[PDB]
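1. how would this look folded up:
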Amino acid sequence: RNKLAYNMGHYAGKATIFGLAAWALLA
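-> Residues are numbered from 1 along each chain as shown. Sure, the structure comes next:
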């Protein structure tokens, strides 16, 4: 039931900086 510019778009920012760092840089 959750979705919003802050949900998707804002998390996309976090996930690309943090999450992706684990995958790109850390893996």
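2. give me the most central residue, the protein.
-> Centroid-nearest residue in the chain: residue 15, 1.7 Å away (criterion: Cα atoms, centre = their mean).
3. please tell me how far that residue sits from residue 9.
-> 11 Å (Cβ to Cβ, to the nearest Å). For every residue, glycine as well, the C-beta is placed using N, CA and C.
4. and residue 16, by the same measure?
-> 11 Å.
5. the chain: helices as residue ranges?
-> Assigned by DSSP state H, the helices in the chain fall at 8-14, 20-24.
6. mind putting the ones you listed into a markdown table with mean neighbour count and distance to residue 1?
-> As requested, these are arranged in a markdown table below (neighbours: other Cβ atoms under 10 Å; distance: least, Cβ to Cβ, whole Å):
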| stretch | mean neighbour count | distance to residue 1 |
| --- | --- | --- |
| helix 8-14 | 10 | 14 |
| helix 20-24 | 11 | 27 |
